[PDB]
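Engineer: See data_11.cif below, with mmCIF, C-alpha atoms and all ligand atoms; chains and numbers go by the auth columns.
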data_upload
loop_
_atom_site.group_PDB
_atom_site.id
_atom_site.type_symbol
_atom_site.label_atom_id
_atom_site.label_comp_id
_atom_site.label_asym_id
_atom_site.label_seq_id
_atom_site.Cartn_x
_atom_site.Cartn_y
_atom_site.Cartn_z
_atom_site.B_iso_or_equiv
_atom_site.auth_seq_id
_atom_site.auth_asym_id
ATOM 1 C CA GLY A 1 1.693 -13.870 11.475 0.00 13 A
ATOM 2 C CA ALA A 2 1.305 -12.274 8.060 0.00 14 A
ATOM 3 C CA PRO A 3 0.400 -8.728 9.308 0.00 15 A
ATOM 4 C CA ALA A 4 3.229 -8.532 11.836 0.00 16 A
ATOM 5 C CA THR A 5 5.722 -9.679 9.131 0.00 17 A
ATOM 6 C CA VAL A 6 4.499 -6.688 7.103 0.00 18 A
ATOM 7 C CA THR A 7 5.012 -4.325 10.046 0.00 19 A
ATOM 8 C CA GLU A 8 8.522 -5.835 10.307 0.00 20 A
ATOM 9 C CA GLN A 9 9.650 -6.334 6.672 0.00 21 A
ATOM 10 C CA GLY A 10 7.140 -4.309 4.615 0.00 22 A
ATOM 11 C CA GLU A 11 8.243 -1.667 2.102 0.00 23 A
ATOM 12 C CA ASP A 12 6.664 1.745 2.722 0.00 24 A
ATOM 13 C CA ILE A 13 5.059 2.573 -0.663 0.00 25 A
ATOM 14 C CA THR A 14 3.569 5.937 0.359 0.00 26 A
ATOM 15 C CA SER A 15 4.835 9.088 -1.353 0.00 27 A
ATOM 16 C CA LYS A 16 4.875 10.791 2.031 0.00 28 A
ATOM 17 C CA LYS A 17 6.827 7.905 3.675 0.00 29 A
ATOM 18 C CA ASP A 18 4.416 7.804 6.624 0.00 30 A
ATOM 19 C CA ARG A 19 4.184 3.970 6.729 0.00 31 A
ATOM 20 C CA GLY A 20 0.539 4.356 5.775 0.00 32 A
ATOM 21 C CA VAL A 21 0.727 1.573 3.211 0.00 33 A
ATOM 22 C CA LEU A 22 3.247 -1.235 3.772 0.00 34 A
ATOM 23 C CA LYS A 23 3.851 -4.047 1.253 0.00 35 A
ATOM 24 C CA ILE A 24 5.518 -7.459 0.957 0.00 36 A
ATOM 25 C CA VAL A 25 5.541 -9.291 -2.365 0.00 37 A
ATOM 26 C CA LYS A 26 4.756 -12.924 -1.468 0.00 38 A
ATOM 27 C CA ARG A 27 4.680 -14.437 -4.983 0.00 39 A
ATOM 28 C CA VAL A 28 6.463 -12.624 -7.807 0.00 40 A
ATOM 29 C CA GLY A 29 4.655 -11.751 -11.046 0.00 41 A
ATOM 30 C CA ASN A 30 6.018 -11.434 -14.593 0.00 42 A
ATOM 31 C CA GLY A 31 6.292 -8.669 -17.179 0.00 43 A
ATOM 32 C CA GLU A 32 7.899 -5.272 -16.584 0.00 44 A
ATOM 33 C CA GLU A 33 4.468 -3.578 -16.851 0.00 45 A
ATOM 34 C CA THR A 34 2.506 -2.402 -13.816 0.00 46 A
ATOM 35 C CA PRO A 35 -1.049 -0.994 -14.048 0.00 47 A
ATOM 36 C CA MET A 36 -1.326 2.683 -15.125 0.00 48 A
ATOM 37 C CA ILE A 37 -4.118 4.935 -13.773 0.00 49 A
ATOM 38 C CA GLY A 38 -7.279 4.275 -15.801 0.00 50 A
ATOM 39 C CA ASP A 39 -6.667 0.565 -16.377 0.00 51 A
ATOM 40 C CA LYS A 40 -9.312 -2.095 -15.754 0.00 52 A
ATOM 41 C CA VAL A 41 -7.781 -4.279 -13.061 0.00 53 A
ATOM 42 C CA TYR A 42 -8.808 -7.838 -12.139 0.00 54 A
ATOM 43 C CA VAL A 43 -7.811 -9.234 -8.689 0.00 55 A
ATOM 44 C CA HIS A 44 -8.509 -11.878 -6.068 0.00 56 A
ATOM 45 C CA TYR A 45 -8.153 -10.756 -2.436 0.00 57 A
ATOM 46 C CA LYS A 46 -8.572 -11.724 1.179 0.00 58 A
ATOM 47 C CA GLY A 47 -8.999 -8.863 3.615 0.00 59 A
ATOM 48 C CA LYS A 48 -9.521 -8.372 7.346 0.00 60 A
ATOM 49 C CA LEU A 49 -9.667 -5.704 10.030 0.00 61 A
ATOM 50 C CA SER A 50 -6.773 -5.546 12.491 0.00 62 A
ATOM 51 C CA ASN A 51 -9.324 -6.082 15.294 0.00 63 A
ATOM 52 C CA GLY A 52 -9.800 -9.671 13.973 0.00 64 A
ATOM 53 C CA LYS A 53 -13.594 -9.263 13.828 0.00 65 A
ATOM 54 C CA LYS A 54 -14.281 -9.122 10.045 0.00 66 A
ATOM 55 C CA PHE A 55 -12.949 -11.058 7.045 0.00 67 A
ATOM 56 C CA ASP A 56 -13.912 -10.739 3.410 0.00 68 A
ATOM 57 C CA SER A 57 -12.717 -12.497 0.282 0.00 69 A
ATOM 58 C CA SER A 58 -13.375 -12.112 -3.426 0.00 70 A
ATOM 59 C CA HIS A 59 -13.615 -15.933 -3.413 0.00 71 A
ATOM 60 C CA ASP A 60 -16.744 -15.690 -1.227 0.00 72 A
ATOM 61 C CA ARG A 61 -18.386 -14.241 -4.377 0.00 73 A
ATOM 62 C CA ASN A 62 -16.846 -16.981 -6.599 0.00 74 A
ATOM 63 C CA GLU A 63 -15.581 -14.240 -8.964 0.00 75 A
ATOM 64 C CA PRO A 64 -12.698 -11.748 -9.470 0.00 76 A
ATOM 65 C CA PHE A 65 -12.963 -8.252 -7.999 0.00 77 A
ATOM 66 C CA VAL A 66 -12.747 -5.758 -10.883 0.00 78 A
ATOM 67 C CA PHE A 67 -12.091 -2.033 -10.616 0.00 79 A
ATOM 68 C CA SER A 68 -10.598 0.896 -12.545 0.00 80 A
ATOM 69 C CA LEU A 69 -7.290 1.948 -11.044 0.00 81 A
ATOM 70 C CA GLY A 70 -7.124 5.513 -9.726 0.00 82 A
ATOM 71 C CA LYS A 71 -10.776 6.072 -10.734 0.00 83 A
ATOM 72 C CA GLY A 72 -12.096 6.516 -7.161 0.00 84 A
ATOM 73 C CA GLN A 73 -13.632 3.039 -6.752 0.00 85 A
ATOM 74 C CA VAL A 74 -11.441 1.623 -3.935 0.00 86 A
ATOM 75 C CA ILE A 75 -9.512 2.886 -0.923 0.00 87 A
ATOM 76 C CA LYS A 76 -6.440 5.048 -1.563 0.00 88 A
ATOM 77 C CA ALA A 77 -4.190 2.193 -0.374 0.00 89 A
ATOM 78 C CA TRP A 78 -5.476 0.004 -3.180 0.00 90 A
ATOM 79 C CA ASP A 79 -4.917 2.652 -5.825 0.00 91 A
ATOM 80 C CA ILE A 80 -1.383 3.057 -4.437 0.00 92 A
ATOM 81 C CA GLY A 81 -0.654 -0.637 -3.841 0.00 93 A
ATOM 82 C CA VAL A 82 -2.077 -2.288 -6.925 0.00 94 A
ATOM 83 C CA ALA A 83 -0.201 0.252 -9.147 0.00 95 A
ATOM 84 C CA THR A 84 2.981 -1.395 -7.832 0.00 96 A
ATOM 85 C CA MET A 85 2.000 -4.968 -8.742 0.00 97 A
ATOM 86 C CA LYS A 86 2.920 -7.177 -11.701 0.00 98 A
ATOM 87 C CA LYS A 87 0.602 -9.670 -13.489 0.00 99 A
ATOM 88 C CA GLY A 88 0.340 -12.802 -11.345 0.00 100 A
ATOM 89 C CA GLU A 89 1.885 -11.099 -8.279 0.00 101 A
ATOM 90 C CA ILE A 90 0.577 -11.896 -4.786 0.00 102 A
ATOM 91 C CA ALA A 91 1.259 -9.123 -2.275 0.00 103 A
ATOM 92 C CA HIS A 92 0.455 -8.407 1.385 0.00 104 A
ATOM 93 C CA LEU A 93 -0.614 -4.812 2.272 0.00 105 A
ATOM 94 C CA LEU A 94 -0.968 -3.379 5.791 0.00 106 A
ATOM 95 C CA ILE A 95 -2.944 -0.139 5.817 0.00 107 A
ATOM 96 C CA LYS A 96 -3.324 2.664 8.357 0.00 108 A
ATOM 97 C CA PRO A 97 -6.743 4.409 8.549 0.00 109 A
ATOM 98 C CA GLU A 98 -5.654 7.512 6.607 0.00 110 A
ATOM 99 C CA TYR A 99 -5.344 5.369 3.450 0.00 111 A
ATOM 100 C CA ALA A 100 -8.545 3.352 4.148 0.00 112 A
ATOM 101 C CA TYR A 101 -11.710 4.562 5.910 0.00 113 A
ATOM 102 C CA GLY A 102 -10.274 7.310 8.114 0.00 114 A
ATOM 103 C CA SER A 103 -11.708 8.699 11.324 0.00 115 A
ATOM 104 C CA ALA A 104 -15.266 8.307 10.099 0.00 116 A
ATOM 105 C CA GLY A 105 -14.806 4.683 9.111 0.00 117 A
ATOM 106 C CA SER A 106 -17.609 2.953 7.216 0.00 118 A
ATOM 107 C CA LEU A 107 -20.066 1.757 9.796 0.00 119 A
ATOM 108 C CA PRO A 108 -20.968 -0.826 10.813 0.00 120 A
ATOM 109 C CA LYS A 109 -18.613 -2.835 8.589 0.00 121 A
ATOM 110 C CA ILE A 110 -15.450 -0.719 9.152 0.00 122 A
ATOM 111 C CA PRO A 111 -14.980 1.057 12.540 0.00 123 A
ATOM 112 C CA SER A 112 -13.417 4.461 13.035 0.00 124 A
ATOM 113 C CA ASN A 113 -9.635 4.559 12.748 0.00 125 A
ATOM 114 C CA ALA A 114 -9.375 0.964 11.448 0.00 126 A
ATOM 115 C CA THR A 115 -6.141 -0.635 10.249 0.00 127 A
ATOM 116 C CA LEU A 116 -6.735 -3.190 7.444 0.00 128 A
ATOM 117 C CA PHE A 117 -4.749 -6.104 6.013 0.00 129 A
ATOM 118 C CA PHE A 118 -5.057 -7.585 2.519 0.00 130 A
ATOM 119 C CA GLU A 119 -3.624 -10.430 0.507 0.00 131 A
ATOM 120 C CA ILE A 120 -3.985 -9.450 -3.181 0.00 132 A
ATOM 121 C CA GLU A 121 -3.446 -11.467 -6.333 0.00 133 A
ATOM 122 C CA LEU A 122 -3.173 -9.380 -9.506 0.00 134 A
ATOM 123 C CA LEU A 123 -4.809 -11.597 -12.158 0.00 135 A
ATOM 124 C CA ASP A 124 -4.865 -9.219 -15.145 0.00 136 A
ATOM 125 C CA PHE A 125 -5.122 -5.544 -16.163 0.00 137 A
ATOM 126 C CA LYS A 126 -6.298 -4.119 -19.531 0.00 138 A
ATOM 127 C CA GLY A 127 -6.198 -0.584 -20.930 0.00 139 A
ATOM 128 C CA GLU A 128 -9.222 1.674 -21.012 0.00 140 A
HETATM 129 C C1 LIG B . -17.445 -6.627 -0.715 0.00 1 B
HETATM 130 O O1 LIG B . -18.001 -5.501 0.051 0.00 1 B
HETATM 131 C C2 LIG B . -17.126 -4.711 0.705 0.00 1 B
HETATM 132 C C3 LIG B . -15.820 -5.111 1.074 0.00 1 B
HETATM 133 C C4 LIG B . -14.981 -4.228 1.819 0.00 1 B
HETATM 134 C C5 LIG B . -15.576 -2.993 2.230 0.00 1 B
HETATM 135 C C6 LIG B . -16.893 -2.631 1.907 0.00 1 B
HETATM 136 O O2 LIG B . -17.549 -1.509 2.284 0.00 1 B
HETATM 137 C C7 LIG B . -16.879 -0.789 3.305 0.00 1 B
HETATM 138 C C8 LIG B . -17.674 -3.523 1.172 0.00 1 B
HETATM 139 O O3 LIG B . -18.922 -3.121 0.812 0.00 1 B
HETATM 140 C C9 LIG B . -18.849 -2.076 -0.296 0.00 1 B
HETATM 141 C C10 LIG B . -18.057 -2.481 -1.574 0.00 1 B
HETATM 142 C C11 LIG B . -16.489 -2.235 -1.499 0.00 1 B
HETATM 143 C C12 LIG B . -16.187 -0.833 -1.143 0.00 1 B
HETATM 144 C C13 LIG B . -14.769 -0.490 -1.281 0.00 1 B
HETATM 145 O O4 LIG B . -13.803 -1.529 -0.758 0.00 1 B
HETATM 146 C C14 LIG B . -12.488 -1.255 -0.856 0.00 1 B
HETATM 147 O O5 LIG B . -12.055 -0.221 -1.334 0.00 1 B
HETATM 148 C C15 LIG B . -11.601 -2.246 -0.259 0.00 1 B
HETATM 149 C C16 LIG B . -10.571 -2.754 -1.386 0.00 1 B
HETATM 150 C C17 LIG B . -11.370 -3.571 -2.410 0.00 1 B
HETATM 151 C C18 LIG B . -11.885 -4.771 -1.713 0.00 1 B
HETATM 152 C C19 LIG B . -12.823 -4.405 -0.621 0.00 1 B
HETATM 153 N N1 LIG B . -12.351 -3.407 0.355 0.00 1 B
HETATM 154 C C20 LIG B . -12.749 -3.445 1.662 0.00 1 B
HETATM 155 O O6 LIG B . -12.354 -2.470 2.369 0.00 1 B
HETATM 156 C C21 LIG B . -13.565 -4.527 2.169 0.00 1 B
HETATM 157 C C22 LIG B . -13.316 -4.811 3.644 0.00 1 B
HETATM 158 C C23 LIG B . -14.400 -5.691 4.174 0.00 1 B
HETATM 159 C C24 LIG B . -14.294 -5.869 5.624 0.00 1 B
HETATM 160 C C25 LIG B . -12.909 -6.562 5.932 0.00 1 B
HETATM 161 C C26 LIG B . -11.758 -5.733 5.383 0.00 1 B
HETATM 162 C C27 LIG B . -11.909 -5.359 3.871 0.00 1 B
#
Could you take the file, read its structure, and then write that structure out as C-alpha cells?
Ligand SMILES: COc1cc2cc(OC)c1OCCCCCOC(=O)[C@@H]1CCCCN1C(=O)[C@H]2C1CCCCC1
Structural biologist:
Amino acid sequence: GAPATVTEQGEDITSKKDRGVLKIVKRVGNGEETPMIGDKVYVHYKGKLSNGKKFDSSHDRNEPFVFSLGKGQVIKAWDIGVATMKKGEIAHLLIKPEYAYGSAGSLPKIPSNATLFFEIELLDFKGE
C-alpha cells in the first residue's frame, strides 16, 4: 500500500542521495514558501513502524503537533521532509533508521534499526 508506493515512486530528498528519506506529495499545497529553519511549524500526522506493530497519530491527542524546524525537536527526517512542504500539503515519507532512531532505537516504543512511515499534513508555519 502507501509505504510500498513510496519505495516505488518516492523522491529521494536526502542531500547524500542514500534513499534515507523518500517522499510522495499526496495532496498539493499552495504558496511558493516552504518552512525555513527556525520556523514554528504546525502539522497533523499519522505514523507507524514498518514492522506493523505501532501506530501513532496527532489526532489521538485531538490537537496539532507543533515543533520548531531544524531546532532539534524531531527526527532528522522530519527536519528534512517538512522543509520541503507547502502550506496545506499532505505528503508520505518513508524513513530508514539513520534518519530516525538509528541502531540504538528508542526502546521500547521504537526498536533498533527501525524503518518508519508517516503521512504529514502541513497546516501552518510562522516565523520565529
Ligand atoms: C507522541 O509521542 C511520540 C511519538 C513518536 C515517538 C516518540 O518517542 C520515540 C514519542 O514519544 C516522545 C515524543 C516525540 C519524540 C520525537 O518524535 C519524532 O521525532 C517523530 C516525528 C514527530 C512525530 C512523532 N515521531 C515519532 O517518531 C513517533 C512514532 C511513534 C511510534 C510510531 C511511529 C512514529
Engineer: Starting from the shown file, work through the PyMOL selection byres (((chain A and resi 111-116) around 12) and not hetatm) and note down what comes out as a PyMOL selection string.
Structural biologist: chain A and resi 25-28+30-34+61+86-93+105-110+117-130
Engineer: Mind giving me the axis-aligned box for ligand LIG 1 (chain B) with 8 Å on every side, centre plus edges in Å to one decimal, as AutoDock Vina command-line options?
Structural biologist:
--center_x -14.7 --center_y -3.4 --center_z 1.8 --size_x 24.4 --size_y 22.4 --size_z 24.3
Engineer: Determine the residue membership of the PyMOL selection byres (((chain A and resi 134) around 6) and not hetatm) for the file above and supply it as a VMD selection string.
Structural biologist: chain A and resid 55 99 to 101 133 135 to 136
Engineer: Since we have the selection now, will you write its residues out, keeping C-alpha atoms, as an mmCIF file, keeping the file's coordinate frame?
Structural biologist:
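Output saved as selection_26.cif:
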data_model
loop_
_atom_site.group_PDB
_atom_site.id
_atom_site.type_symbol
_atom_site.label_atom_id
_atom_site.label_comp_id
_atom_site.auth_asym_id
_atom_site.auth_seq_id
_atom_site.Cartn_x
_atom_site.Cartn_y
_atom_site.Cartn_z
ATOM 1 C CA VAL A 55 -7.811 -9.234 -8.689
ATOM 2 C CA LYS A 99 0.602 -9.670 -13.489
ATOM 3 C CA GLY A 100 0.340 -12.802 -11.345
ATOM 4 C CA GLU A 101 1.885 -11.099 -8.279
ATOM 5 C CA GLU A 133 -3.446 -11.467 -6.333
ATOM 6 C CA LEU A 135 -4.809 -11.597 -12.158
ATOM 7 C CA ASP A 136 -4.865 -9.219 -15.145
#
Engineer: Closest to residue 57 in chain A among A:19, A:94, A:77, A:132, using all atoms listed in the file?
Structural biologist: A:132
Engineer: At most 10 Å from (2.9, -7.1, 10.2), file frame, only C-alpha atoms: which residues, as a PyMOL selection string?
Structural biologist: chain A and resi 13-22+34-36+104-106+129
Engineer: Work out how far apart atom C3 of ligand LIG 1 (chain B) and CA of residue 85 in chain A are and give it in Å to one decimal.
Structural biologist: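 Computed distance, atom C3 of ligand LIG 1 (chain B) to CA of residue 85 in chain A, equals 11.5 Å.
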Engineer: Which residue is closest to ligand LIG 1 (chain B)? Choose from A:84, A:23, A:45, A:67 and count all atoms listed in the file.
Structural biologist: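 Of the candidates, the smallest distance to ligand LIG 1 (chain B) is held by A:67.
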Engineer: What does the PyMOL selection byres (((chain A and resi 39) around 8) and not hetatm) select in this file, as a list in words?
Structural biologist: residues 37, 38, 40, 41, 100, 101, 102 and 103 of chain A
Engineer: Determine, counting all atoms listed in the file, which protein, DNA and RNA residues have an atom within 12 Å of an atom of residue 48 in chain A; residues of the same chain fewer than 6 positions away are not included. Present the result as a short mmCIF file (atom, residue, chain, number, x, y, z; two decimals) with C-alpha atoms, in the coordinates of the input.
Structural biologist:
data_model
loop_
_atom_site.label_atom_id
_atom_site.label_comp_id
_atom_site.auth_asym_id
_atom_site.auth_seq_id
_atom_site.Cartn_x
_atom_site.Cartn_y
_atom_site.Cartn_z
CA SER A 80 -10.60 0.90 -12.54
CA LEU A 81 -7.29 1.95 -11.04
CA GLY A 82 -7.12 5.51 -9.73
CA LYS A 83 -10.78 6.07 -10.73
CA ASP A 91 -4.92 2.65 -5.82
CA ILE A 92 -1.38 3.06 -4.44
CA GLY A 93 -0.65 -0.64 -3.84
CA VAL A 94 -2.08 -2.29 -6.92
CA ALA A 95 -0.20 0.25 -9.15
CA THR A 96 2.98 -1.40 -7.83
CA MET A 97 2.00 -4.97 -8.74
CA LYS A 98 2.92 -7.18 -11.70
CA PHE A 137 -5.12 -5.54 -16.16
CA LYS A 138 -6.30 -4.12 -19.53
CA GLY A 139 -6.20 -0.58 -20.93
CA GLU A 140 -9.22 1.67 -21.01
#
Engineer: What is the CA of residue 49 in chain A to CA of residue 73 in chain A distance in Å?
Structural biologist: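 Between CA of residue 49 in chain A and CA of residue 73 in chain A the gap is 25.7 Å.
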Engineer: What does the distance from CA of residue 56 in chain A to CA of residue 44 in chain A come to in Å, to one decimal?
Structural biologist: 20.6 Å
Engineer: For the point (-14.6, -7.7, -12.8) in the file's frame, write as a ChimeraX atom specification all residues with an atom no more than 9 Å away, counting all atoms listed in the file.
Structural biologist: /A:52-55,75-79
Engineer: My list of candidates is A:64, A:59, A:74, A:24. Which is closest to ligand LIG 1 (chain B) when distances are computed with only C-alpha atoms and all ligand atoms?
Structural biologist: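 Answer, going by the shortest atom-to-atom distance: A:59.
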